[PDB]
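In: Sequence isn't available, so here's the structure alone:
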């Protein structure tokens, strides 16, 4: 029953998992979420 | 794979149980902690 | 700012003396990012 | 400890070699990657 933004981020993640089918699910998933944060951090740091 | 489906089901269960205010931060914290838990076993 | 964040990190390493340096350091920096994200948002 | 001093010296060397625009993001990425590298060795 999640909010729309949460469903969108979960759908993007599920799409990435199905496209890559990582041999190390946890490492791929941690790298993915740490990169999504990194992307939003660039907006937050900007002048 | 079955291990991937299990880890994805565990994550989806955590998201539905917590319904985080910051989805990205909760998800990064979750996966970093799952790695930390497996590191203890692997060392 | 970089020297101050490096000094804070070195101080944390010397105060905690972790048995797992890499895990402590990754947790530390991931938490510093988490803290800054809240303030920036 | 010797292993901790070596990892701290490697990190300080990386900071001086890259001089990152975003110190915190570079440092988090660095330690997360050092863990990733050790995970591959531990799983082998």
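Out: Received, thanks. Residues are numbered from 1 along each chain as shown, chains lettered A, B, ... in the order given.

In: how about the helices of chain A, start to end?
Out: A:4-20, A:25-45 (DSSP state H).

In: The residue lying closest to residue A:14 once chain neighbours are set aside: how many residues sit nearby?
Out: Leaving aside its chain neighbours, residue A:14 sits nearest to residue B:8 (7.5 Å; criterion: CB to CB, 6 or more residues apart in numbering or on different chains). Yep, even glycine has a C-beta here, placed from its N, CA and C like the rest. Other residues lying near residue B:8 total 16 when counted by other CB atoms under 10 Å in any protein chain shown.

In: Contacts only, for residue B:8.
Out: Residue B:8 makes contacts with A:14, A:17, A:25, as judged by CB atoms under 8 Å, 6 or more residues apart in numbering or on different chains.

In: which of those residues lies closest to chain B?
Out: The shortest approach to chain B among the contacts of residue B:8 belongs to residue A:25, at 4.6 Å (CB to the nearest CB).

In: middle-most residue in chain A, spatially?
Out: Computing the C-alpha centroid of chain A and ranking residues by CA atoms, centre = their mean puts residue A:33 first, at 4.1 Å.

In: how much space between that residue and chain D?
Out: With the distance defined as CB to the nearest CB, to the nearest Å, residue A:33 ends up 11 Å from chain D.

In: And for residue A:10?
Out: Where chain D is concerned, residue A:10 sits at a distance of 22 Å (CB to the nearest CB).

In: what do you get for residue A:2?
Out: Taking CB to the nearest CB, one finds residue A:2 at 27 Å from chain D.

In: again with residue A:28
Out: The value you get for residue A:28 to chain D, if CB to the nearest CB is used, is 10 Å.

In: now residue A:44
Out: According to CB to the nearest CB, residue A:44 and chain D sit 11 Å apart.
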